[PDB]
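What follows draws every value from the coordinates through simple rules; no lab data is involved. Cβ placement follows ideal geometry from the backbone for every residue including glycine, while neighbour counts extend to all protein chains displayed.
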Amino acid sequence: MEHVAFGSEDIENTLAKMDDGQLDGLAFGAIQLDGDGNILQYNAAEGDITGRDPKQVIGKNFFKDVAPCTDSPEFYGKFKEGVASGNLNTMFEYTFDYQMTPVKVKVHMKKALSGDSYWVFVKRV
Ligand SMILES: *C(=O)/C=C/c1ccc(O)cc1
């Protein structure tokens, strides 16, 4: 395990520039998106929660393609606002239900330090 807790205050610094293998060591799901929602990174813990294959989703659009249940004001709307302001930092519960048994999660979206990059962290609740 990487020794990092979900929700930690400086998570963006600890995860800055992490390679794919290190991201796979986290206790929680971690996705990195560009400002349009294209998937740049997707870790093993996320794939175990959602069923998606972390290798196959890279390059797909999270809102248009992988996760249409998040294409709503309550998820995508918050993402795109926080991308626009440059200070996205929001934590909220949500249910994932596309082509899967519904599962309720806690989501933490936070701007990454690297350019045009935004984290989406997920754990079960
Ligand atoms: C709703 O369509 C949610 C889908 C989903 C959420 C998170 C993922 O990592 C993959 C699919």
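Output the number of residues of segment 10-32 satisfying the condition of being away from the ligand (no atom under 14 Å from the Cβ) and aliphatic (A, V, I, L, M).
Result for segment 10-32: 5.
If we keep just the residues of segment 76-106 that are hydrophobic (A, V, I, L, M, F, W, C) and farther than 12 Å from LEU33 by Cβ, which is surrounded by the fewest Cβ atoms within 10 Å (Cβ to Cβ)?
Ranking the candidates gives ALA84 first.
Look through segment 1-39, keep the residues that are of a type outside the set (S, T, N, Q) and touching an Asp or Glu at 6+ places or on another chain (Cβ under 7 Å), and return whichever of them is surrounded by the most Cβ atoms within 10 Å (Cβ to Cβ).
This residue is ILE31.
Of all residues being in a helix (DSSP H, G or I) and among the hydrophobic types (A, V, I, L, M, F, W, C) in segment 56-81, which is nearest to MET1 (Cα to Cα)? Just the residue, please.
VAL57
Kindly check whether there is at least one residue in segment 99-117 that is at positive phi, away from the ligand (no atom under 14 Å from the Cβ) and charged (D, E, K, R).
Yes: one or more hits.
Of the conditions (1) within 13 Å of the chain's Cα centre (by Cα); (2) surrounded by fewer than 16 Cβ atoms within 10 Å (Cβ to Cβ), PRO54 clears all except one; give me its number.
Going through (1) within 13 Å of the chain's Cα centre (by Cα); (2) surrounded by fewer than 16 Cβ atoms within 10 Å (Cβ to Cβ) one by one, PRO54 breaks only (2).
Would you check which residues across segment 33-55 are polar (S, T, N, Q) and either part of a strand (DSSP E or B) or more than 10 Å from the ligand (Cβ to nearest atom) (or both) and list them?
Across segment 33-55, the qualifying residues are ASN38, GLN41.
Restricting to segment 82-125, count the residues that are of a type in the set (D, E, K, R), within 22 Å of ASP65 (Cβ to Cβ) and part of a strand (DSSP E or B).
Going through segment 82-125 one residue at a time, the tally reaches 0.
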